[PDB]
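Next comes my_file_18.txt, a file with compact mmCIF, N, CA and C atoms.
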```
# COMPACT_ATOMS: atom_id res chain seq x y z
N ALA D 3 -9.86 -103.12 -64.54
CA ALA D 3 -10.17 -103.62 -63.20
C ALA D 3 -11.47 -103.02 -62.68
N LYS D 4 -12.52 -103.09 -63.50
CA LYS D 4 -13.83 -102.56 -63.15
C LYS D 4 -14.53 -103.38 -62.08
N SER D 5 -14.00 -104.55 -61.72
CA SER D 5 -14.58 -105.32 -60.63
C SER D 5 -14.47 -104.57 -59.31
N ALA D 6 -13.29 -103.99 -59.03
CA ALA D 6 -13.08 -103.31 -57.76
C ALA D 6 -13.96 -102.07 -57.64
N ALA D 7 -14.21 -101.38 -58.76
CA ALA D 7 -14.94 -100.12 -58.71
C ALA D 7 -16.34 -100.32 -58.15
N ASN D 8 -17.03 -101.38 -58.56
CA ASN D 8 -18.32 -101.70 -57.98
C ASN D 8 -18.20 -102.64 -56.78
N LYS D 9 -16.99 -103.14 -56.51
CA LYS D 9 -16.80 -104.01 -55.35
C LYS D 9 -17.07 -103.27 -54.05
N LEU D 10 -16.64 -102.01 -53.97
CA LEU D 10 -16.89 -101.22 -52.76
C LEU D 10 -18.38 -101.02 -52.53
N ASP D 11 -19.14 -100.72 -53.59
CA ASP D 11 -20.58 -100.51 -53.45
C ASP D 11 -21.30 -101.82 -53.14
N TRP D 12 -20.84 -102.93 -53.73
CA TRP D 12 -21.42 -104.23 -53.39
C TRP D 12 -21.18 -104.58 -51.93
N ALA D 13 -19.97 -104.31 -51.43
CA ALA D 13 -19.69 -104.52 -50.01
C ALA D 13 -20.54 -103.61 -49.14
N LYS D 14 -20.71 -102.35 -49.56
CA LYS D 14 -21.55 -101.43 -48.81
C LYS D 14 -22.98 -101.95 -48.71
N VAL D 15 -23.53 -102.41 -49.83
CA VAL D 15 -24.87 -103.01 -49.81
C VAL D 15 -24.88 -104.25 -48.92
N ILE D 16 -23.74 -104.95 -48.86
CA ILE D 16 -23.62 -106.07 -47.93
C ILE D 16 -23.65 -105.57 -46.49
N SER D 17 -23.25 -104.32 -46.26
CA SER D 17 -23.27 -103.73 -44.93
C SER D 17 -24.15 -102.49 -44.84
N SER D 18 -25.07 -102.29 -45.79
CA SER D 18 -25.94 -101.13 -45.79
C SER D 18 -27.13 -101.28 -44.86
N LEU D 19 -27.03 -102.17 -43.86
CA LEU D 19 -28.11 -102.29 -42.88
C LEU D 19 -28.40 -100.95 -42.22
N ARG D 20 -27.37 -100.12 -42.04
CA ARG D 20 -27.56 -98.72 -41.66
C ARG D 20 -27.71 -97.81 -42.87
N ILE D 21 -27.34 -98.27 -44.06
CA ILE D 21 -27.42 -97.47 -45.27
C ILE D 21 -28.57 -97.87 -46.17
N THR D 22 -29.39 -98.85 -45.77
CA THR D 22 -30.56 -99.22 -46.55
C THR D 22 -31.52 -98.04 -46.62
N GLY D 23 -32.23 -97.91 -47.73
CA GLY D 23 -33.07 -96.75 -47.95
C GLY D 23 -32.46 -95.68 -48.82
N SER D 24 -31.35 -95.96 -49.49
CA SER D 24 -30.74 -94.98 -50.38
C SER D 24 -31.69 -94.64 -51.52
N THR D 25 -32.28 -93.45 -51.45
CA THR D 25 -33.29 -93.05 -52.42
C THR D 25 -32.66 -92.66 -53.75
N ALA D 26 -31.48 -92.02 -53.71
CA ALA D 26 -30.85 -91.46 -54.90
C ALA D 26 -29.39 -91.87 -55.00
N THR D 27 -29.02 -92.96 -54.34
CA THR D 27 -27.70 -93.54 -54.55
C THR D 27 -27.76 -94.77 -55.44
N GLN D 28 -28.83 -95.56 -55.32
CA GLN D 28 -29.05 -96.66 -56.25
C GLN D 28 -29.27 -96.14 -57.66
N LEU D 29 -29.92 -94.99 -57.81
CA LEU D 29 -30.05 -94.37 -59.12
C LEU D 29 -28.69 -94.01 -59.69
N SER D 30 -27.79 -93.48 -58.85
CA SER D 30 -26.43 -93.18 -59.31
C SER D 30 -25.68 -94.44 -59.68
N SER D 31 -25.85 -95.51 -58.90
CA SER D 31 -25.23 -96.78 -59.26
C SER D 31 -25.76 -97.28 -60.59
N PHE D 32 -27.06 -97.09 -60.83
CA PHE D 32 -27.64 -97.45 -62.12
C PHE D 32 -27.04 -96.63 -63.25
N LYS D 33 -26.82 -95.33 -63.01
CA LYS D 33 -26.20 -94.49 -64.03
C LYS D 33 -24.78 -94.96 -64.33
N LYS D 34 -24.01 -95.27 -63.29
CA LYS D 34 -22.64 -95.74 -63.48
C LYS D 34 -22.61 -97.06 -64.24
N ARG D 35 -23.52 -97.98 -63.90
CA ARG D 35 -23.58 -99.25 -64.61
C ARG D 35 -24.05 -99.08 -66.05
N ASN D 36 -24.98 -98.15 -66.30
CA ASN D 36 -25.43 -97.88 -67.66
C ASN D 36 -24.31 -97.30 -68.50
N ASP D 37 -23.48 -96.44 -67.90
CA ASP D 37 -22.33 -95.91 -68.62
C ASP D 37 -21.37 -97.03 -69.02
N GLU D 38 -21.08 -97.95 -68.09
CA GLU D 38 -20.20 -99.06 -68.41
C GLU D 38 -20.82 -99.97 -69.47
N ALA D 39 -22.12 -100.22 -69.38
CA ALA D 39 -22.79 -101.08 -70.35
C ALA D 39 -22.75 -100.46 -71.75
N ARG D 40 -23.05 -99.17 -71.86
CA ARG D 40 -22.98 -98.50 -73.15
C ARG D 40 -21.54 -98.46 -73.66
N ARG D 41 -20.57 -98.32 -72.76
CA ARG D 41 -19.18 -98.32 -73.17
C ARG D 41 -18.77 -99.67 -73.74
N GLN D 42 -19.13 -100.76 -73.06
CA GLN D 42 -18.83 -102.09 -73.58
C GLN D 42 -19.58 -102.36 -74.88
N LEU D 43 -20.82 -101.86 -75.00
CA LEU D 43 -21.58 -102.01 -76.24
C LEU D 43 -20.93 -101.26 -77.40
N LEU D 44 -20.46 -100.03 -77.16
CA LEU D 44 -19.74 -99.29 -78.20
C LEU D 44 -18.45 -100.00 -78.57
N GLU D 45 -17.75 -100.55 -77.58
CA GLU D 45 -16.50 -101.26 -77.85
C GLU D 45 -16.74 -102.52 -78.68
N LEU D 46 -17.79 -103.27 -78.36
CA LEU D 46 -17.98 -104.57 -79.00
C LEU D 46 -18.72 -104.44 -80.33
N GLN D 47 -19.93 -103.89 -80.31
CA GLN D 47 -20.80 -103.92 -81.49
C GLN D 47 -20.26 -103.05 -82.62
N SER D 48 -19.89 -101.81 -82.32
CA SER D 48 -19.39 -100.91 -83.35
C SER D 48 -18.01 -101.36 -83.83
N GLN D 49 -17.81 -101.33 -85.13
CA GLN D 49 -16.52 -101.69 -85.69
C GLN D 49 -15.48 -100.63 -85.35
N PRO D 50 -14.28 -100.74 -85.93
CA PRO D 50 -13.27 -99.70 -85.70
C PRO D 50 -13.74 -98.34 -86.19
N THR D 51 -13.40 -97.30 -85.43
CA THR D 51 -13.63 -95.93 -85.87
C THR D 51 -12.55 -95.61 -86.90
N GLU D 52 -12.71 -96.19 -88.09
CA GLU D 52 -11.71 -96.10 -89.15
C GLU D 52 -12.39 -96.46 -90.47
N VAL D 53 -11.58 -96.61 -91.52
CA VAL D 53 -12.05 -96.98 -92.85
C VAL D 53 -11.16 -98.07 -93.41
N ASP D 54 -11.78 -99.11 -93.98
CA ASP D 54 -11.06 -100.22 -94.61
C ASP D 54 -10.65 -99.83 -96.03
N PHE D 55 -10.00 -98.67 -96.13
CA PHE D 55 -9.57 -98.12 -97.41
C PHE D 55 -8.45 -98.93 -98.04
N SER D 56 -7.88 -99.90 -97.32
CA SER D 56 -6.81 -100.70 -97.89
C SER D 56 -7.28 -101.48 -99.11
N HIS D 57 -8.46 -102.06 -99.04
CA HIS D 57 -8.94 -102.85 -100.17
C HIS D 57 -10.33 -102.43 -100.63
N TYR D 58 -11.18 -101.96 -99.72
CA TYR D 58 -12.58 -101.70 -100.04
C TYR D 58 -12.75 -100.68 -101.15
N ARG D 59 -11.97 -99.60 -101.15
CA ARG D 59 -12.05 -98.63 -102.23
C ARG D 59 -11.66 -99.25 -103.56
N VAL S 1 -30.22 -89.02 -59.42
CA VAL S 1 -29.80 -88.10 -60.47
C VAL S 1 -28.34 -88.36 -60.82
N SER S 2 -27.47 -88.17 -59.84
CA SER S 2 -26.05 -88.41 -59.99
C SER S 2 -25.52 -88.90 -58.65
N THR S 3 -24.21 -88.78 -58.45
CA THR S 3 -23.60 -89.22 -57.20
C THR S 3 -24.04 -88.35 -56.03
N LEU S 4 -24.09 -88.97 -54.85
CA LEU S 4 -24.37 -88.28 -53.60
C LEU S 4 -23.68 -89.01 -52.46
N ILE S 5 -24.14 -88.82 -51.23
CA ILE S 5 -23.58 -89.54 -50.09
C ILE S 5 -24.71 -90.10 -49.23
N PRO S 6 -25.36 -91.18 -49.65
CA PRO S 6 -26.53 -91.70 -48.91
C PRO S 6 -26.18 -92.05 -47.48
N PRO S 7 -24.97 -92.57 -47.25
CA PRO S 7 -24.62 -92.94 -45.87
C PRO S 7 -24.21 -91.76 -45.01
N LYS S 8 -23.57 -90.75 -45.60
CA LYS S 8 -22.97 -89.65 -44.84
C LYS S 8 -24.02 -88.73 -44.23
N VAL S 9 -25.30 -89.03 -44.44
CA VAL S 9 -26.37 -88.22 -43.87
C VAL S 9 -26.61 -88.55 -42.41
N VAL S 10 -25.80 -89.43 -41.82
CA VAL S 10 -25.85 -89.66 -40.38
C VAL S 10 -25.46 -88.42 -39.60
N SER S 11 -24.96 -87.38 -40.28
CA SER S 11 -24.69 -86.11 -39.62
C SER S 11 -25.98 -85.44 -39.16
N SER S 12 -27.01 -85.42 -40.01
CA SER S 12 -28.22 -84.65 -39.71
C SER S 12 -29.03 -85.29 -38.59
N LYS S 13 -28.92 -86.61 -38.43
CA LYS S 13 -29.59 -87.31 -37.35
C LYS S 13 -28.83 -88.58 -36.99
N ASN S 14 -28.58 -88.77 -35.70
CA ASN S 14 -28.01 -90.02 -35.23
C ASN S 14 -29.07 -91.11 -35.25
N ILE S 15 -28.60 -92.35 -35.44
CA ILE S 15 -29.52 -93.47 -35.53
C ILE S 15 -30.21 -93.68 -34.19
N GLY S 16 -31.52 -93.90 -34.24
CA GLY S 16 -32.27 -94.24 -33.04
C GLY S 16 -32.55 -93.10 -32.08
N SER S 17 -33.46 -92.20 -32.44
CA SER S 17 -33.83 -91.11 -31.54
C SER S 17 -34.40 -91.64 -30.23
N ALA S 18 -35.32 -92.61 -30.31
CA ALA S 18 -35.77 -93.29 -29.10
C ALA S 18 -34.65 -94.08 -28.43
N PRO S 19 -33.85 -94.87 -29.15
CA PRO S 19 -32.67 -95.48 -28.52
C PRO S 19 -31.69 -94.45 -27.99
N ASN S 20 -31.57 -93.28 -28.62
CA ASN S 20 -30.70 -92.24 -28.08
C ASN S 20 -31.23 -91.71 -26.76
N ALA S 21 -32.54 -91.49 -26.65
CA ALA S 21 -33.13 -91.04 -25.39
C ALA S 21 -32.96 -92.10 -24.31
N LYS S 22 -33.18 -93.37 -24.67
CA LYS S 22 -32.98 -94.46 -23.72
C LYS S 22 -31.53 -94.53 -23.26
N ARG S 23 -30.58 -94.36 -24.19
CA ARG S 23 -29.17 -94.43 -23.83
C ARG S 23 -28.74 -93.22 -23.01
N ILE S 24 -29.34 -92.06 -23.27
CA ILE S 24 -29.04 -90.88 -22.47
C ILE S 24 -29.56 -91.03 -21.05
N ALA S 25 -30.74 -91.63 -20.89
CA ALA S 25 -31.20 -91.98 -19.55
C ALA S 25 -30.28 -93.02 -18.92
N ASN S 26 -29.79 -93.97 -19.72
CA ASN S 26 -28.85 -94.98 -19.25
C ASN S 26 -27.53 -94.41 -18.78
N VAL S 27 -27.01 -93.38 -19.46
CA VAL S 27 -25.73 -92.79 -19.07
C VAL S 27 -25.85 -92.11 -17.71
N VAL S 28 -26.91 -91.31 -17.53
CA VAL S 28 -27.13 -90.64 -16.26
C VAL S 28 -27.43 -91.65 -15.16
N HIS S 29 -28.14 -92.73 -15.51
CA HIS S 29 -28.50 -93.73 -14.50
C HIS S 29 -27.30 -94.54 -14.05
N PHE S 30 -26.50 -95.04 -14.99
CA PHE S 30 -25.36 -95.88 -14.65
C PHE S 30 -24.20 -95.09 -14.08
N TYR S 31 -23.94 -93.89 -14.62
CA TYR S 31 -22.83 -93.08 -14.11
C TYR S 31 -23.10 -92.61 -12.68
N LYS S 32 -24.28 -92.03 -12.45
CA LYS S 32 -24.65 -91.54 -11.12
C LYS S 32 -25.18 -92.69 -10.26
N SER S 33 -24.39 -93.76 -10.21
CA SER S 33 -24.70 -94.96 -9.45
C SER S 33 -23.52 -95.29 -8.56
N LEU S 34 -23.80 -95.87 -7.39
CA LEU S 34 -22.74 -96.18 -6.45
C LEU S 34 -21.79 -97.22 -7.03
N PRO S 35 -20.51 -97.20 -6.63
CA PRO S 35 -19.55 -98.17 -7.16
C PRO S 35 -19.92 -99.60 -6.79
N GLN S 36 -20.03 -99.89 -5.49
CA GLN S 36 -20.61 -101.16 -5.05
C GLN S 36 -21.34 -100.90 -3.73
N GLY S 37 -22.63 -100.60 -3.83
CA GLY S 37 -23.47 -100.38 -2.67
C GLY S 37 -22.95 -99.30 -1.75
N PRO S 38 -22.35 -98.26 -2.33
CA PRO S 38 -21.72 -97.23 -1.51
C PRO S 38 -22.75 -96.39 -0.76
N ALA S 39 -22.29 -95.76 0.32
CA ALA S 39 -23.05 -94.89 1.22
C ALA S 39 -24.07 -95.68 2.04
N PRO S 40 -23.62 -96.60 2.92
CA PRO S 40 -24.56 -97.37 3.74
C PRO S 40 -25.11 -96.62 4.96
N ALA S 41 -24.22 -96.20 5.88
CA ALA S 41 -24.60 -95.44 7.07
C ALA S 41 -25.67 -96.15 7.91
N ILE S 42 -25.27 -97.22 8.61
CA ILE S 42 -26.24 -98.02 9.35
C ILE S 42 -26.19 -97.71 10.85
N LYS S 43 -24.99 -97.63 11.42
CA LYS S 43 -24.87 -97.56 12.87
C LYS S 43 -25.30 -96.19 13.41
N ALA S 44 -25.89 -96.20 14.60
CA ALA S 44 -26.34 -94.98 15.27
C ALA S 44 -26.68 -95.30 16.72
N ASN S 45 -26.27 -94.40 17.62
CA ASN S 45 -26.49 -94.62 19.05
C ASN S 45 -26.39 -93.28 19.76
N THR S 46 -27.54 -92.79 20.24
CA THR S 46 -27.59 -91.58 21.07
C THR S 46 -28.90 -91.65 21.86
N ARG S 47 -28.79 -91.98 23.14
CA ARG S 47 -29.95 -92.18 24.01
C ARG S 47 -30.96 -93.15 23.40
N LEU S 48 -31.79 -92.67 22.46
CA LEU S 48 -32.79 -93.53 21.85
C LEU S 48 -32.26 -94.22 20.60
N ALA S 49 -31.31 -93.58 19.91
CA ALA S 49 -30.77 -94.16 18.68
C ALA S 49 -30.04 -95.47 18.92
N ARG S 50 -29.47 -95.66 20.11
CA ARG S 50 -28.87 -96.95 20.44
C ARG S 50 -29.92 -98.06 20.43
N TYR S 51 -31.19 -97.69 20.57
CA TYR S 51 -32.27 -98.66 20.39
C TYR S 51 -32.79 -98.67 18.96
N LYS S 52 -32.79 -97.51 18.30
CA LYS S 52 -33.35 -97.44 16.95
C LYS S 52 -32.51 -98.24 15.96
N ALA S 53 -31.20 -98.01 15.95
CA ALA S 53 -30.34 -98.71 14.99
C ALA S 53 -30.12 -100.16 15.38
N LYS S 54 -30.52 -100.56 16.59
CA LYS S 54 -30.35 -101.93 17.07
C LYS S 54 -31.66 -102.71 17.05
N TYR S 55 -32.74 -102.13 17.57
CA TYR S 55 -34.01 -102.83 17.70
C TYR S 55 -34.95 -102.61 16.52
N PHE S 56 -34.83 -101.49 15.81
CA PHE S 56 -35.61 -101.25 14.60
C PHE S 56 -34.82 -101.59 13.35
N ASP S 57 -33.68 -102.24 13.50
CA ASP S 57 -32.87 -102.68 12.38
C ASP S 57 -33.39 -104.01 11.85
N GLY S 58 -33.28 -104.17 10.53
CA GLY S 58 -33.86 -105.30 9.85
C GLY S 58 -33.04 -106.56 9.82
N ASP S 59 -31.98 -106.65 10.64
CA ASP S 59 -31.21 -107.89 10.71
C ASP S 59 -32.08 -109.03 11.24
N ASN S 60 -32.95 -108.74 12.20
CA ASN S 60 -33.89 -109.72 12.72
C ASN S 60 -35.32 -109.44 12.27
N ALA S 61 -35.87 -108.28 12.64
CA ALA S 61 -37.24 -107.89 12.28
C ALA S 61 -38.26 -108.91 12.76
N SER S 62 -37.90 -109.66 13.80
CA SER S 62 -38.75 -110.72 14.33
C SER S 62 -39.85 -110.11 15.18
N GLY S 63 -40.50 -110.94 16.00
CA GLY S 63 -41.54 -110.44 16.88
C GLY S 63 -41.07 -109.75 18.14
N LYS S 64 -39.89 -110.10 18.65
CA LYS S 64 -39.40 -109.46 19.87
C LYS S 64 -39.07 -107.99 19.66
N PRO S 65 -38.71 -107.53 18.46
CA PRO S 65 -38.41 -106.10 18.27
C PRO S 65 -39.58 -105.19 18.60
N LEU S 66 -40.82 -105.63 18.34
CA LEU S 66 -41.97 -104.87 18.80
C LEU S 66 -42.29 -105.18 20.26
N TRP S 67 -42.04 -106.42 20.68
CA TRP S 67 -42.39 -106.84 22.04
C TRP S 67 -41.56 -106.14 23.10
N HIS S 68 -40.39 -105.59 22.75
CA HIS S 68 -39.64 -104.80 23.71
C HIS S 68 -40.45 -103.60 24.17
N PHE S 69 -41.21 -102.98 23.26
CA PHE S 69 -42.09 -101.88 23.62
C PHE S 69 -43.16 -102.33 24.60
N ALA S 70 -43.73 -103.53 24.39
CA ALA S 70 -44.75 -104.04 25.29
C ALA S 70 -44.18 -104.31 26.68
N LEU S 71 -43.00 -104.92 26.75
CA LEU S 71 -42.37 -105.18 28.04
C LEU S 71 -42.08 -103.88 28.78
N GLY S 72 -41.54 -102.88 28.07
CA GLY S 72 -41.25 -101.60 28.70
C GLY S 72 -42.48 -100.86 29.17
N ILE S 73 -43.52 -100.84 28.34
CA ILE S 73 -44.76 -100.18 28.73
C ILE S 73 -45.39 -100.91 29.91
N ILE S 74 -45.22 -102.23 29.98
CA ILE S 74 -45.72 -102.98 31.14
C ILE S 74 -44.95 -102.60 32.39
N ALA S 75 -43.63 -102.43 32.27
CA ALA S 75 -42.84 -101.96 33.40
C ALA S 75 -43.31 -100.58 33.87
N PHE S 76 -43.61 -99.69 32.92
CA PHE S 76 -44.12 -98.37 33.27
C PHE S 76 -45.50 -98.45 33.92
N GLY S 77 -46.40 -99.24 33.34
CA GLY S 77 -47.76 -99.33 33.83
C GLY S 77 -47.90 -100.02 35.17
N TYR S 78 -47.02 -100.98 35.48
CA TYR S 78 -47.07 -101.58 36.81
C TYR S 78 -46.77 -100.55 37.88
N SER S 79 -45.74 -99.73 37.66
CA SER S 79 -45.47 -98.64 38.58
C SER S 79 -46.59 -97.61 38.55
N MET S 80 -47.23 -97.43 37.40
CA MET S 80 -48.37 -96.53 37.31
C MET S 80 -49.52 -96.99 38.18
N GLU S 81 -49.80 -98.29 38.17
CA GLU S 81 -50.84 -98.84 39.03
C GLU S 81 -50.43 -98.78 40.50
N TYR S 82 -49.14 -99.02 40.77
CA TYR S 82 -48.65 -98.94 42.14
C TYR S 82 -48.81 -97.54 42.71
N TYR S 83 -48.47 -96.52 41.92
CA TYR S 83 -48.63 -95.14 42.38
C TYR S 83 -50.09 -94.69 42.31
N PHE S 84 -50.92 -95.39 41.53
CA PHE S 84 -52.31 -94.99 41.35
C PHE S 84 -53.26 -95.76 42.26
N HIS S 85 -53.26 -97.09 42.16
CA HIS S 85 -54.25 -97.92 42.86
C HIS S 85 -54.15 -97.81 44.38
```
Will you turn the file into structure tokens for me?
Amino acid sequence: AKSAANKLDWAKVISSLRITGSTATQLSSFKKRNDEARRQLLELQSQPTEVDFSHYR
Amino acid sequence: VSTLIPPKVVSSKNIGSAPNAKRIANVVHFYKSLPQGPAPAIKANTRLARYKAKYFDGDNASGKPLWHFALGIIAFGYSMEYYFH
């Protein structure tokens, strides 16, 4: 349910009229999104952390 | 760098220093104001004040309010000429 995790920040940006100007919070949001992107990339692109020793050997 | 609290910095300064000064002037101005035109104090009458609060009052402010002085001074001056001439 990673939609909700960034849903709060998206809503805040929707109401950041008093919070506009975040110098080092957008960078943190970028870090959090980069972590999720690398996590999904590791999940998808990399095969199982295992060995196909059933037949390959 | 990492997580912080970009919004929670409203502690160090409230929004609108100029609006805050304007609102602080507004609080003193509106609070220290009469409820509805309070403290009138119009009526007065003591020898001359019975004329001041009546003839120098702005309910009329017409030409006769000054002309009463002319009529009275004429009454005084006629007797002045009678005792003089």
*Within 7 Å of residue 5 of chain S, counting only N, CA and C atoms, which residues qualify if same-chain residues fewer than 3 places away don't, as a PyMOL selection string?*
(chain D and resi 27) or (chain S and resi 8-9)
Taking N, CA and C atoms for each residue, export the selection above as a PDB file, in the frame of the given file.
```
ATOM      1  N   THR D  27     -29.020 -92.960 -54.340  1.00  0.00           N
ATOM      2  CA  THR D  27     -27.700 -93.540 -54.550  1.00  0.00           C
ATOM      3  C   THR D  27     -27.760 -94.770 -55.440  1.00  0.00           C
TER       4      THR D  27
ATOM      5  N   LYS S   8     -23.570 -90.750 -45.600  1.00  0.00           N
ATOM      6  CA  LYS S   8     -22.970 -89.650 -44.840  1.00  0.00           C
ATOM      7  C   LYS S   8     -24.020 -88.730 -44.230  1.00  0.00           C
ATOM      8  N   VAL S   9     -25.300 -89.030 -44.440  1.00  0.00           N
ATOM      9  CA  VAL S   9     -26.370 -88.220 -43.870  1.00  0.00           C
ATOM     10  C   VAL S   9     -26.610 -88.550 -42.410  1.00  0.00           C
TER      11      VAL S   9
END
```
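Straight-line separation from atom CA of residue 75 of chain S to atom N of residue 55 of chain S: 18.8 Å.
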*Give me, as a ChimeraX atom specification, the contact residues of chain S against chain D at a cut-off of 6.5 Å, counting only N, CA and C atoms.*
/S:1-4,6-7
*Which residues in chain S does DSSP call alpha helix (DSSP H)? List them as number ranges by chain.*
S: 17-31, 49-55, 64-84
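Picture a line from atom CA of residue 4 of chain D to atom CA of residue 36 of chain D; it runs 13.3 Å.
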Give me the box for segment 35-52 of chain D as AutoDock Vina command-line options, namely the centre and edge lengths in Å to one decimal of a box along x, y and z that holds every listed atom plus 5 Å on each side.
```
--center_x -18.6 --center_y -100.1 --center_z -77.2 --size_x 23.7 --size_y 19.0 --size_z 36.6
```
*Please measure the separation of atom C of residue 18 of chain S and atom N of residue 30 of chain S, giving the value in Å to one decimal.*
15.7 Å
